[PDB]
2 protein chains.
Amino acid sequence: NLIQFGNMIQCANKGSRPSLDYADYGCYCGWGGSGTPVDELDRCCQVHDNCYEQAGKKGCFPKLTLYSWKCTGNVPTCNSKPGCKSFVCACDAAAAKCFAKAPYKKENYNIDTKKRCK
Amino acid sequence: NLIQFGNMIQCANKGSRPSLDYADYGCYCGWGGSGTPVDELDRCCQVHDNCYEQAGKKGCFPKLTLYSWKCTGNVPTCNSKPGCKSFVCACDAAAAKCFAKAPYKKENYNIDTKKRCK
Ligand SMILES: [Ca+2]
Ligand SMILES: [Ca+2]
């Protein structure tokens, strides 16, 4: 679920930045997502958006799915069983890893998505 | 539950030390629960053992309790508000913070607790 995703983000970036910092970023991080991502981190979110889309087509509610995961060697690691739990956990762990490698750019945080996204 | 606790430990210590390093340490970290704690870290585990005993007496199974928690700016924070979930979460959050500020001394890892703990 989304609280677990936030926990994963902190795991992957070794506490370098709070997970709330990623909640409304670029064109894709946060509600909806449209246009060309504005930078590397936003590209992570576009991928994540598409993964949640694919989870939804498989009958999952990715914001709600309660999976099992472990922060090990600074990598979010899915324990979960198959199905939605495995699938959504994979979406989140992947995004967490992607966020962690990408540079955070404050100028791209909380942007006017109607003006900058398409 | 124990997996979540491991995740809290990584949250509080910014992933600087694996969770397993704390599973058999001193007289109190892990299955042990007797004698005089061997150092500052071991004292954290003594407090955590006491907390788990209190949880049990509240009717909780602390190793199993499945709570809701958020790693917020490197601080494990309980979201669960009532019952065993909130109480056990608090035990774990406090220990995770305690572990992160205590110095780890490998000479106290995996000691013979039958011999050194009373
Ligand atoms: Ca989005
Ligand atoms: Ca113990």
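In the text below, chain A, chain B and the rest are named by the order of the sequence lines, each starting its count at 1. Indexing begins at 1, ligand by ligand and atom by atom, following the structure's order. Worth knowing before you read on, the calculation uses all heavy atoms, side chains too, and leaves out hydrogens, waters and symmetry mates.
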Test item: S86(B) side-chain N/O and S80(B) main-chain N/O as donor-acceptor pair under 3.5 Å:
no
Backbone N/O of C11(A) and side chain of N7(B): donor-acceptor pair under 3.5 Å
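Judged by distance alone, no pair lies under 3.5 Å.
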Angle subtended at the Ca ion (ligand 2) by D49(B) OD1 and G32(B) O, to the nearest 10 degrees, is 130°
Would you say the Ca ion (ligand 2) has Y28(B) as a near neighbour, meaning an N/O/S atom of that residue under 3.0 Å away?
yes
Between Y67(B) and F87(B), is the ring centroid distance below 6.0 Å?
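So the answer is no for these two rings.
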Are the aromatic ring centres of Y104(B) and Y22(B) under 6.0 angstrom apart?
yes
Quick check: does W31(A) have an N/O/S atom under 3.0 Å of the Ca ion (ligand 1)?
no
Taking backbone and side chain together, does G30(A) place any N/O/S atom at a distance below 3.0 Å from the Ca ion (ligand 1)?
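Yes, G30(A) qualifies, because one of its backbone or side-chain N, O or S atoms lies under 3.0 Å.
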